[PDB]
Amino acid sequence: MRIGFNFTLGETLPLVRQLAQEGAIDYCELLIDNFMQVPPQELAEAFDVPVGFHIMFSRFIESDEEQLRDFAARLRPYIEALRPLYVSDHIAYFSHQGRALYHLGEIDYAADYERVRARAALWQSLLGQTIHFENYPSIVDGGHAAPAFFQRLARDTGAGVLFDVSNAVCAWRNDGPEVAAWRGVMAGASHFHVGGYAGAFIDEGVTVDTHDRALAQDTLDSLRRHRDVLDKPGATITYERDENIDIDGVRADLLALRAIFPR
């Protein structure tokens, strides 16, 4: 199990390079659509280690098809240049009746499967790459169906599941399904995420996917419980921190993960 760190801000490159040298990360996961004006060759010459792609705003389910074809065309040079270990994207509502959602919406797993299927099949063809799709940190109801949803999406289109273990404990803390309900997906999955979470400002009893703190114990205890079906040759797990990105806090979590998945 190789351990990675997410890279969304260029300003954090000195920090990623030094964690690459202490051997605290083995690969690095770029939020690739944040760098699509950085020359592909220049991007590639910044990382000695291998990389993975994470896409934030393809909007592949809801986007206009020609917009999505152009996004794919502009993103293919980056796949050719950096030759990443994997490509990953999101399943969520980004807008409603044309108006942006600043906090993404959970899709209707029952009602929306056929539109997601058709667009995931297409989106993978337009990139020429398998895409692993990330589960949502559910807050309200309906997310009990996500494990079946993701398995069916993988059987039907050949996609992968980028399983965010931390996002699954957020759903579990929000009365969603047990993290154990994902063991089937974990056994078939090769690429994973984990990050910190926090409570909502007005109610600490609901858990929010903030990626701004240290790993919580139920997060680490769920990695230990299912270490048997997460570790495989070629597997990766990306630690994600998007706020409070200081070297000491991040190193504490990257070394806590290697304490669960030693070299």
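So that there is no doubt, residue numbering starts at 1 and follows the sequence shown.
Using the B-factors recorded in the PDB entry, average over the C-alpha atoms of 189-197 and of 120-128, then report which stretch comes out higher. Mean B over CA atoms: larger for 189-197.
For the C-alpha atoms alone, is the average B factor greater in 49-57 or in 200-208, going by the entry? In the deposited entry, the stretch with the higher C-alpha B-factor mean is 200-208.
Based on the PDB record, which member of 33, 62, 29, 221 exhibits the highest Cα temperature factor? Comparing C-alpha B-factors across 33, 62, 29, 221, the maximum falls on 221.
Between 38, 68, 237, 215, which one tops the list for Cα B-factor in this entry? Among 38, 68, 237, 215, the highest C-alpha B-factor in the entry belongs to 215.
Could you tell me which third, lowest, middle or highest, the C-alpha B-factor of residue 177 occupies within its chain? Residue 177: CA B-factor falls in the highest third of its chain.
Would you mind ranking residue 74 by its C-alpha B-factor against the rest of the chain and naming the third, lowest, middle or highest? Residue 74: CA B-factor falls in the middle third of its chain.
Sorting the chain's modelled residues by C-alpha B-factor, tell me whether residue 5 ends up in the lowest, middle or highest third. CA B-factor rank for residue 5: middle third.
Which third, lowest, middle or highest, does the C-alpha temperature factor of residue 115 belong to within its own chain? According to the entry, residue 115 has a C-alpha B-factor in the chain's lowest third.
By the record's CA B-factor, is residue 103 among the lowest, middle or highest third of residues in the chain? As the PDB entry reports it, the C-alpha B-factor of residue 103 lands in the lowest third of its chain.
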